[PDB]
Amino acid sequence: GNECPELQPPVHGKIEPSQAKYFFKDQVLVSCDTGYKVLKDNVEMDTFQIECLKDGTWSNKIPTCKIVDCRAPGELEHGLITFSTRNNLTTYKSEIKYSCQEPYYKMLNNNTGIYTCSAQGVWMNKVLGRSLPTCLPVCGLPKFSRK
Amino acid sequence: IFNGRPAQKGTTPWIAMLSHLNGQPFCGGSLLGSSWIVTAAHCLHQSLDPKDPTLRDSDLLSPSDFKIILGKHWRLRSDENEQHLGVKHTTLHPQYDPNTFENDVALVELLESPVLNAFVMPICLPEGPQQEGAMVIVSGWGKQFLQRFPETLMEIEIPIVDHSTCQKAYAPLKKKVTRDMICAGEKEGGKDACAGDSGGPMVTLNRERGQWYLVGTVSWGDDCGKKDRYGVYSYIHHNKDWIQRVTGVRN
C-alpha cells in the first residue's frame with residue numbers, strides 16, 4: 001500500500017531482499033560481511049529484521065556493523081606476545097606472534113608462532129589451530145665460566 | 001668426592017641435592033627438562049635385609065619423606081639461589097636390580113617446578129655413546145679422603161675407561177659390569193666418587209655446540225680412591241629411551 005523509502009546498507013554489510021521499492025508488510029534482514037556482526041545497543045548478532053509498516057515507515061533504523069573481536073589471546077607460559085604494530089588490535093584479520101623467553105626457553109617448530117584473529121572470533125594458527133605453542137627449556141648452557 | 005677440587009659457583013646449575021626434610025643431604029641428582037630429577041635408583045629405597053634380597057614398594061622412600069634443593073652450592077649453608085622443592089612421584093628403572101646395581105637409575109618428578117635461571121637450568125640428555133678416554137666431570141657433596149664432608153660442592157675430572165678392562169678389573173672380585181654401566185677414573189686411583197655422591201652427575205662438554213651433556217649418574221665403586229679399581233656409573237645413553245618415555249624430555 002504505502003511505499004517505504006529506499007534503504008541504505010550499513011558499511012561492511014548488506015540488506016536483503018534487494019527490491020526497487022518496499023511496501024506494507026515487506027520484511028528485510030540486515031547482515032554484515034564476514035568478520036563483522038550487526039550491533040544493537042551493546043549486543044552483537046548475525047541478522048536484524050525490520051519491516052515496512054502500514055504508515056509507510058520502517059520498524060527500525062538500519063544498525064551498524066562491528067568488526068569481530070578475538071579479545072585476549074591465550075597466555076603462553078614462559079612466552080611473550082608481540083602484536084602487529086602499534087594499536088595492539090585484537091580484532092578480525094589482525095595478527096600476533098608468540099615467542100619464548102630467551103635464553104632459558106625455546107619454542108617448538110611445529111609452528112611459525114603467528115596466530116591470526118578469525119571471523120569466528122578465535123585466535124588461530126595455520127598448524128596448531130586454536131592450540132597454543134609450547135615453550136621448552138634450553139639445556140646445558142651455563143652462564144658462569146670455569147677456569 | 002675423593003681428590004676433588006671445589007666447584008666454581010654457578011657452573012653446575014643442573015645439580016640437585018636429595019635431602020631429608022631435616023636438611024641432611026644423602027644423595028645427588030640432575031635436573032632434566034622442566035620438572036624432573038634423574039638420580040640413582042638406590043638413593044630412593046631403604047636398605048634391604050640380605051635374608052630377603054628383593055625390592056618391594058614397602059622399601060621405597062616416600063615423596064613426603066624427602067625434598068630436592070636446586071641452585072645449591074654450600075653443602076649445609078645457604079644461598080639466594082637455592083630453590084627447595086617437594087616430590088610428587090618417584091620411578092626406578094623397571095629392570096633395576098638392588099643386588100647387582102644394574103639399571104641403577106630413577107626419575108623423581110617434582111611437586112613444584114623450579115624457576116629456570118643462571119643458577120638453575122637442566123642438563124642435556126646425551127645424543128650418542130661415549131668415546132673411550134673422554135674427560136668427564138663428576139660432582140657431589142659426599143665424603144672425601146680422611147672422611148670429612150666439604151663446605152662446598154666438589155668435582156673431579158677423570159677419563160672414561162673402556163668397558164672391557166673395567167669388567168676384567170672387577171674380576172677378582174665377583175662383581176659384574178653390565179652394558180648399562182660406564183666406568184671412569186684412572187688405574188693409579190685417587191679421584192673418585194664416594195658415600196653421599198650417589199646419583200650425582202657425570203657430564204662432558206660438546207663442541208662446537210658449547211653444550212653440556214649428562215653421560216652418567218654415580219652408582220657404585222668398591223672402596224673410594226684405591227688403585228686398580230674404577231668408579232662405576234649408570235650409563236644414561238643406554239636407558240635414554242626409558243627416560244624419554246617417562247619424562248617426555250627433548251634437547
# chains A, B, ... in the order shown; residues from 1 in each chain; ligands from 1
>>> interface_residues(of="chain B", to="chain A", cutoff="12 Å", atoms="only C-alpha atoms", output="NGL selection string")
:B and (5-15 or 30-36 or 113-126 or 137 or 155 or 203-206 or 209-214 or 248-251)
>>> write_last_selection(atoms="C-alpha atoms", output="compact mmCIF listing (two decimals), in the first residue's frame")
# COMPACT_ATOMS: atom_id res chain seq x y z
CA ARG B 5 88.54 -29.64 43.90
CA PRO B 6 85.91 -27.09 44.92
CA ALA B 7 83.39 -26.42 42.14
CA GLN B 8 83.27 -22.82 40.96
CA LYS B 9 79.91 -21.25 41.92
CA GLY B 10 77.27 -21.14 39.17
CA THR B 11 79.00 -23.53 36.75
CA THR B 12 76.91 -26.58 37.80
CA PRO B 13 73.38 -25.17 37.56
CA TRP B 14 71.81 -28.59 36.79
CA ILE B 15 72.91 -30.30 40.02
CA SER B 30 70.41 -33.72 37.94
CA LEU B 31 67.58 -31.56 36.59
CA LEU B 32 66.16 -32.86 33.32
CA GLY B 33 63.82 -30.68 31.32
CA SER B 34 61.32 -28.64 33.28
CA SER B 35 60.37 -30.74 36.33
CA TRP B 36 62.33 -33.99 36.56
CA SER B 113 58.78 -26.88 39.04
CA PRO B 114 61.80 -24.61 39.54
CA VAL B 115 62.17 -21.12 38.16
CA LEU B 116 64.83 -21.51 35.48
CA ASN B 117 67.71 -19.03 35.67
CA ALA B 118 71.52 -18.57 35.74
CA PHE B 119 71.81 -20.92 38.73
CA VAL B 120 69.08 -23.46 37.88
CA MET B 121 68.86 -24.94 34.37
CA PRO B 122 68.67 -28.55 33.11
CA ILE B 123 71.45 -30.77 31.78
CA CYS B 124 71.03 -32.15 28.25
CA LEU B 125 70.46 -35.82 27.51
CA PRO B 126 73.33 -37.49 25.58
CA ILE B 137 83.26 -34.18 35.32
CA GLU B 155 84.20 -32.04 41.48
CA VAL B 203 78.92 -34.68 32.44
CA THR B 204 81.02 -33.70 29.40
CA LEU B 205 81.28 -30.75 27.04
CA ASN B 206 80.13 -30.92 23.43
CA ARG B 209 77.92 -26.53 20.35
CA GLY B 210 79.27 -25.41 23.73
CA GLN B 211 76.56 -27.58 25.32
CA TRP B 212 76.94 -29.79 28.40
CA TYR B 213 75.58 -33.34 28.33
CA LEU B 214 74.87 -35.87 31.08
CA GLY B 248 58.98 -36.57 27.75
CA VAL B 249 62.18 -34.52 27.75
CA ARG B 250 63.88 -33.49 24.48
CA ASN B 251 67.04 -31.43 23.92
>>> residues_around(residues="segment 221-227 of chain B", least_positions_apart="3", cutoff="9 Å", atoms="only C-alpha atoms", output="NGL selection string")
:B and (1-3 or 144-145 or 186-195 or 218 or 230-233)
>>> closest_residue(among="B:62, B:94, B:151, B:215", to="residue 136 of chain B", atoms="only C-alpha atoms")
B:215
>>> closest_residue(among="B:202, B:40, B:76, B:60", to="residue 152 of chain B", atoms="only C-alpha atoms")
B:76
>>> select_by_dssp(residues="segment 39-248 of chain B", states="helix (DSSP H, G or I)", output="list in words")
residues 41, 42, 43, 44, 57, 58, 59, 63, 64, 65, 163, 164, 165, 166, 167, 168, 169, 240, 241, 242, 243, 244, 245, 246 and 247 of chain B
>>> residues_around(residues="residue 11 of chain A", least_positions_apart="2", cutoff="8 Å", atoms="only C-alpha atoms", output="JSON, numbers by chain")
{"A": [9, 13, 14, 64, 65]}
>>> write_last_selection(atoms="N, CA, C and O atoms", output="short mmCIF file (atom, residue, chain, number, x, y, z; two decimals), in the first residue's frame")
data_model
loop_
_atom_site.label_atom_id
_atom_site.label_comp_id
_atom_site.auth_asym_id
_atom_site.auth_seq_id
_atom_site.Cartn_x
_atom_site.Cartn_y
_atom_site.Cartn_z
N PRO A 9 22.40 0.27 2.77
CA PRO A 9 23.06 -0.79 3.51
C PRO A 9 24.10 -0.23 4.46
O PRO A 9 24.68 0.81 4.18
N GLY A 13 28.28 -4.17 5.35
CA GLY A 13 27.11 -5.03 5.42
C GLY A 13 26.19 -4.97 4.21
O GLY A 13 26.57 -4.48 3.16
N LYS A 14 24.99 -5.51 4.37
CA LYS A 14 24.03 -5.57 3.28
C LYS A 14 22.59 -5.68 3.78
O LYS A 14 22.33 -5.93 4.96
N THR A 64 24.48 -0.63 12.61
CA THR A 64 25.84 -0.65 12.08
C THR A 64 26.51 -2.02 12.22
O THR A 64 26.08 -2.88 13.00
N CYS A 65 27.56 -2.22 11.43
CA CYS A 65 28.38 -3.43 11.52
C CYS A 65 29.64 -3.16 12.35
O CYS A 65 30.27 -2.11 12.23
#
>>> residues_around(residues="residue 128 of chain A", least_positions_apart="3", cutoff="12 Å", atoms="only C-alpha atoms", output="ChimeraX atom specification")
/A:108-116,123-125,131-134
>>> select_by_dssp(residues="segment 28-196 of chain B", states="strand (DSSP E or B)", output="ChimeraX atom specification")
/B:28-32,36-39,45,60,66-70,74,83-85,87-92,97,102,106-110,124,135-140,152,154-161,181-184,192
>>> closest_residue(among="B:16, B:105, B:246, B:55", to="residue 39 of chain B", atoms="only C-alpha atoms")
B:105
>>> closest_residue(among="A:67, A:89, A:117, A:80", to="residue 135 of chain A", atoms="only C-alpha atoms")
A:80
>>> atom_distance(atom1="atom CA of residue 94 of chain A", atom2="atom CA of residue 32 of chain A")
18.3 Å
>>> decode(residues="segment 86-116 of chain A", atoms="N, CA, C and O atoms", output="PDB file, in the first residue's frame")
ATOM      1  N   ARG A  86      51.259  -1.018  16.228  1.00  0.00           N
ATOM      2  CA  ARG A  86      51.141  -0.271  17.484  1.00  0.00           C
ATOM      3  C   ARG A  86      49.879  -0.517  18.304  1.00  0.00           C
ATOM      4  O   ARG A  86      49.968  -0.801  19.499  1.00  0.00           O
ATOM      5  N   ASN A  87      48.712  -0.413  17.669  1.00  0.00           N
ATOM      6  CA  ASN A  87      47.435  -0.365  18.397  1.00  0.00           C
ATOM      7  C   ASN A  87      47.138  -1.553  19.318  1.00  0.00           C
ATOM      8  O   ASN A  87      46.272  -1.446  20.187  1.00  0.00           O
ATOM      9  N   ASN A  88      47.861  -2.662  19.145  1.00  0.00           N
ATOM     10  CA  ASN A  88      47.605  -3.909  19.889  1.00  0.00           C
ATOM     11  C   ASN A  88      46.200  -4.452  19.607  1.00  0.00           C
ATOM     12  O   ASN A  88      45.521  -4.984  20.488  1.00  0.00           O
ATOM     13  N   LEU A  89      45.785  -4.318  18.353  1.00  0.00           N
ATOM     14  CA  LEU A  89      44.439  -4.656  17.958  1.00  0.00           C
ATOM     15  C   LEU A  89      44.250  -6.152  18.082  1.00  0.00           C
ATOM     16  O   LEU A  89      45.177  -6.920  17.831  1.00  0.00           O
ATOM     17  N   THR A  90      43.049  -6.547  18.492  1.00  0.00           N
ATOM     18  CA  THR A  90      42.704  -7.942  18.700  1.00  0.00           C
ATOM     19  C   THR A  90      41.444  -8.314  17.903  1.00  0.00           C
ATOM     20  O   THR A  90      40.736  -9.265  18.245  1.00  0.00           O
ATOM     21  N   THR A  91      41.210  -7.583  16.815  1.00  0.00           N
ATOM     22  CA  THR A  91      40.011  -7.724  16.004  1.00  0.00           C
ATOM     23  C   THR A  91      40.310  -8.489  14.706  1.00  0.00           C
ATOM     24  O   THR A  91      41.464  -8.810  14.433  1.00  0.00           O
ATOM     25  N   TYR A  92      39.261  -8.771  13.922  1.00  0.00           N
ATOM     26  CA  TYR A  92      39.329  -9.622  12.716  1.00  0.00           C
ATOM     27  C   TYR A  92      40.526  -9.341  11.817  1.00  0.00           C
ATOM     28  O   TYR A  92      40.819  -8.189  11.521  1.00  0.00           O
ATOM     29  N   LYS A  93      41.201 -10.416  11.402  1.00  0.00           N
ATOM     30  CA  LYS A  93      42.311 -10.393  10.434  1.00  0.00           C
ATOM     31  C   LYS A  93      43.655  -9.871  10.945  1.00  0.00           C
ATOM     32  O   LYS A  93      44.659 -10.027  10.256  1.00  0.00           O
ATOM     33  N   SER A  94      43.695  -9.279  12.139  1.00  0.00           N
ATOM     34  CA  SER A  94      44.963  -8.813  12.704  1.00  0.00           C
ATOM     35  C   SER A  94      45.698  -9.985  13.355  1.00  0.00           C
ATOM     36  O   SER A  94      45.095 -11.015  13.648  1.00  0.00           O
ATOM     37  N   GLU A  95      46.999  -9.816  13.582  1.00  0.00           N
ATOM     38  CA  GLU A  95      47.875 -10.918  13.971  1.00  0.00           C
ATOM     39  C   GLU A  95      48.640 -10.669  15.262  1.00  0.00           C
ATOM     40  O   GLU A  95      48.841  -9.530  15.683  1.00  0.00           O
ATOM     41  N   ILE A  96      49.081 -11.766  15.867  1.00  0.00           N
ATOM     42  CA  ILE A  96      50.099 -11.751  16.915  1.00  0.00           C
ATOM     43  C   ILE A  96      51.201 -12.755  16.541  1.00  0.00           C
ATOM     44  O   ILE A  96      50.993 -13.613  15.684  1.00  0.00           O
ATOM     45  N   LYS A  97      52.370 -12.641  17.165  1.00  0.00           N
ATOM     46  CA  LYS A  97      53.410 -13.666  17.048  1.00  0.00           C
ATOM     47  C   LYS A  97      53.861 -14.066  18.440  1.00  0.00           C
ATOM     48  O   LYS A  97      54.293 -13.219  19.217  1.00  0.00           O
ATOM     49  N   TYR A  98      53.732 -15.348  18.765  1.00  0.00           N
ATOM     50  CA  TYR A  98      54.253 -15.874  20.030  1.00  0.00           C
ATOM     51  C   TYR A  98      55.768 -16.103  19.950  1.00  0.00           C
ATOM     52  O   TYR A  98      56.301 -16.472  18.902  1.00  0.00           O
ATOM     53  N   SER A  99      56.447 -15.881  21.070  1.00  0.00           N
ATOM     54  CA  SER A  99      57.872 -16.194  21.211  1.00  0.00           C
ATOM     55  C   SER A  99      58.073 -16.816  22.570  1.00  0.00           C
ATOM     56  O   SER A  99      57.196 -16.705  23.427  1.00  0.00           O
ATOM     57  N   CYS A 100      59.222 -17.459  22.774  1.00  0.00           N
ATOM     58  CA  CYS A 100      59.586 -17.967  24.090  1.00  0.00           C
ATOM     59  C   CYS A 100      60.663 -17.075  24.728  1.00  0.00           C
ATOM     60  O   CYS A 100      61.445 -16.435  24.017  1.00  0.00           O
ATOM     61  N   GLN A 101      60.662 -17.012  26.064  1.00  0.00           N
ATOM     62  CA  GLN A 101      61.622 -16.196  26.826  1.00  0.00           C
ATOM     63  C   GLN A 101      63.044 -16.721  26.656  1.00  0.00           C
ATOM     64  O   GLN A 101      63.402 -17.749  27.225  1.00  0.00           O
ATOM     65  N   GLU A 102      63.858 -16.016  25.881  1.00  0.00           N
ATOM     66  CA  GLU A 102      65.262 -16.382  25.742  1.00  0.00           C
ATOM     67  C   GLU A 102      65.957 -15.825  26.976  1.00  0.00           C
ATOM     68  O   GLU A 102      65.511 -14.811  27.511  1.00  0.00           O
ATOM     69  N   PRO A 103      67.031 -16.488  27.453  1.00  0.00           N
ATOM     70  CA  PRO A 103      67.718 -17.660  26.906  1.00  0.00           C
ATOM     71  C   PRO A 103      67.259 -19.020  27.448  1.00  0.00           C
ATOM     72  O   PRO A 103      67.613 -20.045  26.865  1.00  0.00           O
ATOM     73  N   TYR A 104      66.484 -19.039  28.532  1.00  0.00           N
ATOM     74  CA  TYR A 104      66.147 -20.303  29.218  1.00  0.00           C
ATOM     75  C   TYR A 104      64.989 -21.100  28.602  1.00  0.00           C
ATOM     76  O   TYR A 104      64.621 -22.151  29.129  1.00  0.00           O
ATOM     77  N   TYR A 105      64.419 -20.616  27.497  1.00  0.00           N
ATOM     78  CA  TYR A 105      63.371 -21.356  26.780  1.00  0.00           C
ATOM     79  C   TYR A 105      63.470 -21.162  25.262  1.00  0.00           C
ATOM     80  O   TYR A 105      63.922 -20.116  24.781  1.00  0.00           O
ATOM     81  N   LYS A 106      63.068 -22.194  24.522  1.00  0.00           N
ATOM     82  CA  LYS A 106      62.961 -22.126  23.073  1.00  0.00           C
ATOM     83  C   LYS A 106      61.627 -22.731  22.661  1.00  0.00           C
ATOM     84  O   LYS A 106      61.075 -23.576  23.372  1.00  0.00           O
ATOM     85  N   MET A 107      61.117 -22.283  21.516  1.00  0.00           N
ATOM     86  CA  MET A 107      59.837 -22.745  21.003  1.00  0.00           C
ATOM     87  C   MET A 107      59.978 -23.973  20.106  1.00  0.00           C
ATOM     88  O   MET A 107      60.970 -24.141  19.401  1.00  0.00           O
ATOM     89  N   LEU A 108      58.955 -24.818  20.148  1.00  0.00           N
ATOM     90  CA  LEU A 108      58.782 -25.904  19.196  1.00  0.00           C
ATOM     91  C   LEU A 108      58.251 -25.405  17.850  1.00  0.00           C
ATOM     92  O   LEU A 108      57.075 -25.042  17.743  1.00  0.00           O
ATOM     93  N   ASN A 109      59.104 -25.375  16.829  1.00  0.00           N
ATOM     94  CA  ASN A 109      58.616 -25.560  15.467  1.00  0.00           C
ATOM     95  C   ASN A 109      58.397 -27.069  15.502  1.00  0.00           C
ATOM     96  O   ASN A 109      59.399 -27.798  15.523  1.00  0.00           O
ATOM     97  N   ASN A 110      57.167 -27.605  15.540  1.00  0.00           N
ATOM     98  CA  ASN A 110      55.914 -27.150  14.873  1.00  0.00           C
ATOM     99  C   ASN A 110      55.793 -25.873  14.026  1.00  0.00           C
ATOM    100  O   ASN A 110      55.961 -25.916  12.799  1.00  0.00           O
ATOM    101  N   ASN A 111      55.485 -24.757  14.684  1.00  0.00           N
ATOM    102  CA  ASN A 111      54.784 -23.638  14.045  1.00  0.00           C
ATOM    103  C   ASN A 111      55.580 -22.338  13.894  1.00  0.00           C
ATOM    104  O   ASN A 111      56.675 -22.183  14.449  1.00  0.00           O
ATOM    105  N   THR A 112      54.994 -21.410  13.138  1.00  0.00           N
ATOM    106  CA  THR A 112      55.561 -20.082  12.921  1.00  0.00           C
ATOM    107  C   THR A 112      55.399 -19.201  14.164  1.00  0.00           C
ATOM    108  O   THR A 112      56.156 -18.249  14.356  1.00  0.00           O
ATOM    109  N   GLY A 113      54.410 -19.518  15.000  1.00  0.00           N
ATOM    110  CA  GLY A 113      54.079 -18.694  16.157  1.00  0.00           C
ATOM    111  C   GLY A 113      53.124 -17.570  15.805  1.00  0.00           C
ATOM    112  O   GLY A 113      52.745 -16.781  16.674  1.00  0.00           O
ATOM    113  N   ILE A 114      52.730 -17.500  14.534  1.00  0.00           N
ATOM    114  CA  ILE A 114      51.811 -16.474  14.065  1.00  0.00           C
ATOM    115  C   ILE A 114      50.370 -16.952  14.234  1.00  0.00           C
ATOM    116  O   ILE A 114      49.950 -17.933  13.619  1.00  0.00           O
ATOM    117  N   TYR A 115      49.630 -16.251  15.087  1.00  0.00           N
ATOM    118  CA  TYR A 115      48.218 -16.523  15.324  1.00  0.00           C
ATOM    119  C   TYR A 115      47.413 -15.346  14.803  1.00  0.00           C
ATOM    120  O   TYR A 115      47.702 -14.201  15.137  1.00  0.00           O
ATOM    121  N   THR A 116      46.411 -15.635  13.975  1.00  0.00           N
ATOM    122  CA  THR A 116      45.611 -14.603  13.325  1.00  0.00           C
ATOM    123  C   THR A 116      44.143 -14.706  13.748  1.00  0.00           C
ATOM    124  O   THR A 116      43.588 -15.798  13.853  1.00  0.00           O
TER     125      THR A 116
END
